[PDB]
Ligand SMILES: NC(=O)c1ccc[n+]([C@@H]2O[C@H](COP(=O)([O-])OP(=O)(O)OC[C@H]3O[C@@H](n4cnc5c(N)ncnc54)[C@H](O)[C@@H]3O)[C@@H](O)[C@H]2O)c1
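The chain below stands alone and is given as structure tokens, in the form deposited without nicotinamide-adenine-dinucleotide.
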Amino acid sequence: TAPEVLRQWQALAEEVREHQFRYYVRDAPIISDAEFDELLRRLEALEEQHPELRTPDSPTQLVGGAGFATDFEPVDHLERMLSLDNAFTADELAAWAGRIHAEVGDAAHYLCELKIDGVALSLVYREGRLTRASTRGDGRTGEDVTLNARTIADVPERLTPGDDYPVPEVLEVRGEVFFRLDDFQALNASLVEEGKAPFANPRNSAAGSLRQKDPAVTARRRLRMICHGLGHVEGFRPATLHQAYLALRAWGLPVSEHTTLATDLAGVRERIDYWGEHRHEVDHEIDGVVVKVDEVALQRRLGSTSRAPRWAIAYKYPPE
């Protein structure tokens, strides 16, 4: 309870708890087994002198690999997380553009990005450490799957600091989790080989593998992630979406290489026509193409309706 006592304990209980998590759940320690033994002794030493600090929730009382379960507790998104209106025909996308060119004039360019057919995940970083990950839920509230998301190889626990782009104080970033096709099939064979039913498609597999009461199951599966939107942010004010991606890259978040910037509708349509013909070559499932006004100020003059942003639209291919 004395101030240095409490700073010491938290910092060490946090460090050992992490390591417990990486060893047991993710089967991937980042320190030796020896170093870890130093750490846990110290925290039990320190808990010896001050028995206020041994609680049922202490890393020293969650010893094997216990205390690591997901329960999907409702958790609020910082910002709304709405779902995207859809366009299925050349006329609707044109109509969307017309409307968009009638409000924020000719200052709006269009970021074009591949729509992945996986599970939306919202992640929150507080001063460069990953604090929360949740599912969409209803847009305002989703479910806590933080432990499962911590096993996804693509999801750094901590953001990488660099000269050009300082780590925000708060960063809420949205992305899609998905399986590569070759891994979807390999997981299905492994499951059948245990007497378990296989998944009918990669989306269900990713959703199923994300939503595991026991996150060690998720850590055994080769789930992936690609960031594709920002929610609430502090200490970060990017002027465009395409430039925010550069910062995300820099901090170590996964971002797609099939994003292009288009000037006017005609550019948009070539990208849609292009990926209509070549999407089958991406190693993961592509639904369509999400067209967004790239300029953030224009993404405020245009707003969102109660259910969907007015500055973006998902063009969806017909399947077959």
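Heads up, when I say rigid core I mean the largest set of C-alphas that superpose within 1.5 Å between the two forms. Numbering starts at 1 and runs along the sequence shown.
The next section is about a form of this same protein that is not shown, the form deposited with nicotinamide-adenine-dinucleotide bound.
Engineer: Mark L159 yes when one of its heavy atoms lies within 4.5 Å of a heavy atom of nicotinamide-adenine-dinucleotide in the deposited complex, and no otherwise.
Structural biologist: Contact check for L159: no, nothing within 4.5 Å of nicotinamide-adenine-dinucleotide in the deposited complex.
Engineer: Can you work out whether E48 and nicotinamide-adenine-dinucleotide are in contact in the deposited complex, taking contact to mean some heavy atom pair no more than 4.5 Å apart?
Structural biologist: Result no; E48 lies far from nicotinamide-adenine-dinucleotide in the deposited complex.
Engineer: Taking heavy atoms only, is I31 within 4.5 angstroms of nicotinamide-adenine-dinucleotide in the deposited complex?
Structural biologist: It does: once nicotinamide-adenine-dinucleotide is placed as it appears in the deposited complex, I31 has a heavy atom within 4.5 Å of it.
Engineer: Using 4.5 Å between non-hydrogen atoms, is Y24 touching nicotinamide-adenine-dinucleotide in the deposited complex?
Structural biologist: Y24 belongs to the contact set for nicotinamide-adenine-dinucleotide.
Engineer: Name the stretch: of 247-255, 290-298, 48-56, 263-271, exactly one has residues whose heavy atoms fall within 4.5 Å of nicotinamide-adenine-dinucleotide in the deposited complex.
Structural biologist: Answer to the contact question: 290-298.
Engineer: Here the chain is shown alone; which of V170, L84, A94, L78 has a heavy atom within 4.5 Å of nicotinamide-adenine-dinucleotide in the deposited complex?
Structural biologist: It is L84.
Engineer: Would you mind picking the one in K115, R150, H109, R224 that has a heavy atom within 4.5 Å of nicotinamide-adenine-dinucleotide in the deposited complex?
Structural biologist: Of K115, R150, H109, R224, the residue with a heavy atom within 4.5 Å of nicotinamide-adenine-dinucleotide in the deposited complex is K115.
Engineer: When nicotinamide-adenine-dinucleotide is placed as it is in the deposited complex, are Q20, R136 and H228 each within 4.5 Å of it, taking any non-hydrogen atom of the residue?
Structural biologist: Yes, the whole trio is in contact, each within 4.5 Å by some heavy atom.
Engineer: Identify which of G252, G267, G276, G65 has its C-alpha displaced by 2 Å or more between the shown form and the other one once the rigid core is superposed.
Structural biologist: The answer here is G65.
Engineer: Between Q61 and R129, do the C-alpha atoms lie closer or farther in the deposited complex than in the shown form, with a difference of 3 angstroms or more?
Structural biologist: Farther: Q61 and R129 separate by 3 Å or more in the deposited complex.
Engineer: Do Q61 and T131 move together or apart in the deposited complex, judged by C-alpha distance changing 3 Å or more?
Structural biologist: It is farther: the C-alpha separation of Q61 and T131 rises by at least 3 Å in the deposited complex.
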